[PDB]
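Colleague: Sending over a structure as structure tokens; questions will come in a sec.
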Amino acid sequence: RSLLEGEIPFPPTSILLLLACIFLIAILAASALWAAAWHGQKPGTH
């Protein structure tokens with residue numbers, strides 16, 4: 001029953017850290033923009 005066992009719900013600050021992990025997913029979006037950079041190649045077949 002004591003809080004030491006951990007049964008208490010995780011602090012709201014903790015779940016906010018999980019949102020930080022989502023921010024790393026945003027950086028993955030930046031990698032997608034690099035995919036757009038590939039377009040620079042000439043239209044000619046390669």
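FYI, nothing fancy with the structure tokens labels: chains A, B, ... in order, residues from 1 per chain, ligands from 1 as they appear.
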Can you check which residues of chain A DSSP gives as alpha helix (DSSP H) on the backbone and send them as an MDAnalysis selection string?

Modeller: chainID A and resid 12:37
